[PDB]
Amino acid sequence: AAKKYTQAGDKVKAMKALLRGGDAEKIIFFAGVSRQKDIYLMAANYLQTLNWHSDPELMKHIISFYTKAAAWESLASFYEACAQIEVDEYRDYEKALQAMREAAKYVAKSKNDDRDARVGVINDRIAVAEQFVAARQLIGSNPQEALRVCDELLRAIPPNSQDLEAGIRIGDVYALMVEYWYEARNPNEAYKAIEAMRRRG
């Protein structure tokens with residue numbers, strides 16, 4: 001779509017139907033080249049809905065869009081989202097905890113009322129973050145802490161609250177769940193890797 005859109009596919013309405021959900025990253029690129037405010041906001045809001053385990057440059061790049069747009073609320077939203085789904089294979093939650101600290105800092109920097117919904121995500125995510133950092137700092141020594149953190153996360157979204165309103169998202173509730181099965185209390189469990197791969201697939 002955007003490939004043929006850069007080939008004179010026209011504008012404004014070119015990306016109003018490309019928000020949706022998924023794991024796309026070039027909605028950034030057309031927001032940057034189109035220089036339209038609405039495309040900027042939708043591209044920056046879109047990346048909260050992604051689910052990956054890598055590429056944390058969107059931290060600073062949505063920081064750029066929300067310096068150009070002066071809305072740190074969804075910046076803190078993506079802080080939470082990307083720090084949550086970053087530690088999936090980053091294997092370090094200290095940076096993610098610093099990113100939740102930056103989420104609180106930018107909510108304090110925020111001025112719109114969207115920061116209230118951002119705190120509605122924060123009160124569920126930072127509550128698990130101090131026990132998920134105990135799930136990640138002690139992922140080599142404390143399997144039960146990480147297992148029960150992931151279990152109470154998995155038993156919070158089936159209630160009426162959404163994934164934003166129940167805890168941290170299920171990027172690392174799964175990814176750490178695989179991790180302590182093969183790493184913690186049994187690093188030499190080769191058939192857990194084919195459990196880990198069969199739970200991966």
# chains A, B, ... in the order shown; residues from 1 in each chain; ligands from 1
call {"tool": "closest_atom_pairs", "arguments": {"of": "range 19-87 of chain A", "to": "range 91-115 of chain A", "cutoff": "7 Å", "atoms": "only C-alpha atoms", "output": "tab-separated table"}}
result
residue	atom	partner	partner_atom	distance
A:71	CA	A:110	CA	6.3
A:72	CA	A:110	CA	4.8
A:73	CA	A:115	CA	4.6
A:76	CA	A:103	CA	4.2
A:79	CA	A:103	CA	5.7
A:80	CA	A:100	CA	5.8
A:83	CA	A:96	CA	4.4
A:84	CA	A:96	CA	6.8
A:87	CA	A:91	CA	5.4
call {"tool": "write_last_selection", "arguments": {"atoms": "C-alpha atoms", "output": "JSON list (two decimals), in the first residue's frame"}}
result
[["chain", "number", "residue", "atom", "x", "y", "z"],
["A", 71, "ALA", "CA", 1.17, 14.64, 23.77],
["A", 72, "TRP", "CA", 3.19, 12.58, 26.26],
["A", 73, "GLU", "CA", 0.16, 10.49, 27.28],
["A", 76, "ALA", "CA", 3.76, 6.84, 28.18],
["A", 79, "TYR", "CA", 6.56, 3.35, 27.03],
["A", 80, "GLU", "CA", 4.51, 0.77, 28.93],
["A", 83, "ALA", "CA", 8.91, -1.98, 27.80],
["A", 84, "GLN", "CA", 6.41, -4.78, 28.39],
["A", 87, "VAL", "CA", 11.80, -7.90, 27.81]]
call {"tool": "residues_around", "arguments": {"residues": "range 32-35 of chain A", "least_positions_apart": "4", "cutoff": "10 Å", "atoms": "only C-alpha atoms", "output": "PDB file with N, CA and C atoms, in the first residue's frame"}}
result
ATOM      1  N   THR A   6       3.735   5.994  -2.054  1.00  0.00           N
ATOM      2  CA  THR A   6       4.892   6.807  -2.403  1.00  0.00           C
ATOM      3  C   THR A   6       5.027   6.970  -3.908  1.00  0.00           C
ATOM      4  N   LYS A  11      -2.790  11.094  -0.714  1.00  0.00           N
ATOM      5  CA  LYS A  11      -2.448  11.366   0.681  1.00  0.00           C
ATOM      6  C   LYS A  11      -3.744  11.468   1.479  1.00  0.00           C
ATOM      7  N   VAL A  12      -3.648  12.105   2.655  1.00  0.00           N
ATOM      8  CA  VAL A  12      -4.673  12.287   3.694  1.00  0.00           C
ATOM      9  C   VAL A  12      -5.464  11.006   3.962  1.00  0.00           C
ATOM     10  N   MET A  15      -3.714   6.918   4.675  1.00  0.00           N
ATOM     11  CA  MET A  15      -3.397   6.242   5.927  1.00  0.00           C
ATOM     12  C   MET A  15      -4.508   6.298   6.963  1.00  0.00           C
ATOM     13  N   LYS A  26       6.146   0.720   9.155  1.00  0.00           N
ATOM     14  CA  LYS A  26       6.328   1.766   8.153  1.00  0.00           C
ATOM     15  C   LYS A  26       5.202   2.796   8.151  1.00  0.00           C
ATOM     16  N   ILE A  27       4.179   2.618   8.994  1.00  0.00           N
ATOM     17  CA  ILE A  27       3.224   3.695   9.256  1.00  0.00           C
ATOM     18  C   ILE A  27       3.943   4.888   9.866  1.00  0.00           C
ATOM     19  N   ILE A  28       5.032   4.621  10.584  1.00  0.00           N
ATOM     20  CA  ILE A  28       5.994   5.646  10.968  1.00  0.00           C
ATOM     21  C   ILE A  28       6.509   6.408   9.752  1.00  0.00           C
ATOM     22  N   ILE A  39      -1.821  11.915  10.683  1.00  0.00           N
ATOM     23  CA  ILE A  39      -1.038  10.719  10.390  1.00  0.00           C
ATOM     24  C   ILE A  39       0.030  10.506  11.459  1.00  0.00           C
ATOM     25  N   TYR A  40       0.620  11.599  11.966  1.00  0.00           N
ATOM     26  CA  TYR A  40       1.563  11.507  13.081  1.00  0.00           C
ATOM     27  C   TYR A  40       0.929  10.850  14.301  1.00  0.00           C
ATOM     28  N   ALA A  43      -0.024   7.080  13.630  1.00  0.00           N
ATOM     29  CA  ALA A  43       1.155   6.223  13.580  1.00  0.00           C
ATOM     30  C   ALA A  43       1.771   6.032  14.958  1.00  0.00           C
ATOM     31  N   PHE A  65       8.036  12.016  17.633  1.00  0.00           N
ATOM     32  CA  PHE A  65       6.687  12.414  17.205  1.00  0.00           C
ATOM     33  C   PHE A  65       5.895  13.136  18.285  1.00  0.00           C
TER      34      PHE A  65
END
call {"tool": "atom_distance", "arguments": {"atom1": "CA of residue 133 in chain A", "atom2": "CA of residue 168 in chain A"}}
result
12.0 Å
call {"tool": "closest_residue", "arguments": {"among": "A:52, A:5, A:132, A:46", "to": "residue 78 in chain A", "atoms": "only C-alpha atoms"}}
result
A:46
call {"tool": "select_by_dssp", "arguments": {"residues": "range 1-189 of chain A", "states": "alpha helix (DSSP H)", "output": "MDAnalysis selection string"}}
result
chainID A and resid 2:6 27:34 37:46 58:69 72:84 87:90 94:109 114:137 143:154 163:166 170:182
call {"tool": "residues_around", "arguments": {"residues": "residue 141 in chain A", "least_positions_apart": "2", "cutoff": "8 Å", "atoms": "only C-alpha atoms", "output": "list in words"}}
result
residues 138, 139, 143, 184 and 185 of chain A
call {"tool": "write_last_selection", "arguments": {"atoms": "N, CA and C atoms", "output": "mmCIF file, in the first residue's frame"}}
result
data_model
loop_
_atom_site.group_PDB
_atom_site.id
_atom_site.type_symbol
_atom_site.label_atom_id
_atom_site.label_comp_id
_atom_site.auth_asym_id
_atom_site.auth_seq_id
_atom_site.Cartn_x
_atom_site.Cartn_y
_atom_site.Cartn_z
ATOM 1 N N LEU A 138 15.397 -12.605 39.263
ATOM 2 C CA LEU A 138 15.496 -13.950 39.810
ATOM 3 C C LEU A 138 14.966 -15.003 38.843
ATOM 4 N N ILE A 139 15.043 -14.739 37.537
ATOM 5 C CA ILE A 139 14.641 -15.740 36.556
ATOM 6 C C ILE A 139 15.640 -16.889 36.484
ATOM 7 N N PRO A 143 12.043 -19.770 40.171
ATOM 8 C CA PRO A 143 11.055 -20.085 39.129
ATOM 9 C C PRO A 143 9.626 -19.855 39.579
ATOM 10 N N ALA A 184 15.246 -21.829 34.579
ATOM 11 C CA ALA A 184 15.212 -21.891 36.033
ATOM 12 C C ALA A 184 14.865 -23.296 36.505
ATOM 13 N N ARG A 185 15.621 -23.767 37.509
ATOM 14 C CA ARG A 185 15.621 -25.043 38.246
ATOM 15 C C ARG A 185 15.983 -26.241 37.374
#
call {"tool": "closest_residue", "arguments": {"among": "A:172, A:124, A:10, A:116", "to": "residue 89 in chain A", "atoms": "only C-alpha atoms"}}
result
A:172
call {"tool": "residues_around", "arguments": {"residues": "residue 156 in chain A", "least_positions_apart": "5", "cutoff": "9 Å", "atoms": "only C-alpha atoms", "output": "list in words"}}
result
residues 151, 161, 162, 163, 165, 166 and 167 of chain A
call {"tool": "write_last_selection", "arguments": {"atoms": "N, CA, C and O atoms", "output": "PDB file, in the first residue's frame"}}
result
ATOM      1  N   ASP A 151       1.026 -16.354  36.233  1.00  0.00           N
ATOM      2  CA  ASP A 151      -0.291 -16.951  36.433  1.00  0.00           C
ATOM      3  C   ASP A 151      -1.315 -15.919  36.900  1.00  0.00           C
ATOM      4  O   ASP A 151      -2.449 -15.901  36.406  1.00  0.00           O
ATOM      5  N   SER A 161     -11.766  -6.281  33.239  1.00  0.00           N
ATOM      6  CA  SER A 161     -10.744  -5.331  32.835  1.00  0.00           C
ATOM      7  C   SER A 161      -9.967  -5.843  31.627  1.00  0.00           C
ATOM      8  O   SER A 161      -9.719  -7.043  31.481  1.00  0.00           O
ATOM      9  N   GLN A 162      -9.580  -4.911  30.758  1.00  0.00           N
ATOM     10  CA  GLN A 162      -8.814  -5.237  29.565  1.00  0.00           C
ATOM     11  C   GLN A 162      -7.361  -5.527  29.935  1.00  0.00           C
ATOM     12  O   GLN A 162      -6.957  -5.424  31.095  1.00  0.00           O
ATOM     13  N   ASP A 163      -6.562  -5.892  28.926  1.00  0.00           N
ATOM     14  CA  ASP A 163      -5.150  -6.186  29.160  1.00  0.00           C
ATOM     15  C   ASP A 163      -4.395  -4.959  29.649  1.00  0.00           C
ATOM     16  O   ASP A 163      -3.447  -5.083  30.433  1.00  0.00           O
ATOM     17  N   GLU A 165      -5.897  -2.770  31.542  1.00  0.00           N
ATOM     18  CA  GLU A 165      -6.498  -2.497  32.840  1.00  0.00           C
ATOM     19  C   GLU A 165      -6.416  -3.674  33.805  1.00  0.00           C
ATOM     20  O   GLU A 165      -7.041  -3.631  34.868  1.00  0.00           O
ATOM     21  N   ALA A 166      -5.669  -4.724  33.463  1.00  0.00           N
ATOM     22  CA  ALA A 166      -5.532  -5.878  34.339  1.00  0.00           C
ATOM     23  C   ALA A 166      -4.108  -6.133  34.799  1.00  0.00           C
ATOM     24  O   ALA A 166      -3.916  -6.802  35.820  1.00  0.00           O
ATOM     25  N   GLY A 167      -3.120  -5.628  34.078  1.00  0.00           N
ATOM     26  CA  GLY A 167      -1.732  -5.861  34.414  1.00  0.00           C
ATOM     27  C   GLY A 167      -0.861  -5.499  33.228  1.00  0.00           C
ATOM     28  O   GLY A 167      -1.288  -4.780  32.327  1.00  0.00           O
TER      29      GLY A 167
END
call {"tool": "residues_around", "arguments": {"residues": "residue 177 in chain A", "least_positions_apart": "2", "cutoff": "9 Å", "atoms": "only C-alpha atoms", "output": "PyMOL selection string"}}
result
chain A and resi 146-147+150-151+172-175+179-181
call {"tool": "atom_distance", "arguments": {"atom1": "CA of residue 189 in chain A", "atom2": "CA of residue 53 in chain A"}}
result
23.9 Å
call {"tool": "atom_distance", "arguments": {"atom1": "CA of residue 56 in chain A", "atom2": "CA of residue 158 in chain A"}}
result
28.8 Å
call {"tool": "closest_residue", "arguments": {"among": "A:37, A:74, A:82, A:23", "to": "residue 58 in chain A", "atoms": "only C-alpha atoms"}}
result
A:82
call {"tool": "closest_residue", "arguments": {"among": "A:125, A:20, A:3, A:198", "to": "residue 170 in chain A", "atoms": "only C-alpha atoms"}}
result
A:125
call {"tool": "closest_residue", "arguments": {"among": "A:66, A:155, A:164, A:60", "to": "residue 44 in chain A", "atoms": "only C-alpha atoms"}}
result
A:66
call {"tool": "residues_around", "arguments": {"residues": "residue 21 in chain A", "least_positions_apart": "4", "cutoff": "12 Å", "atoms": "only C-alpha atoms", "output": "MDAnalysis selection string"}}
result
chainID A and resid 17 25 27 42:43 45:51
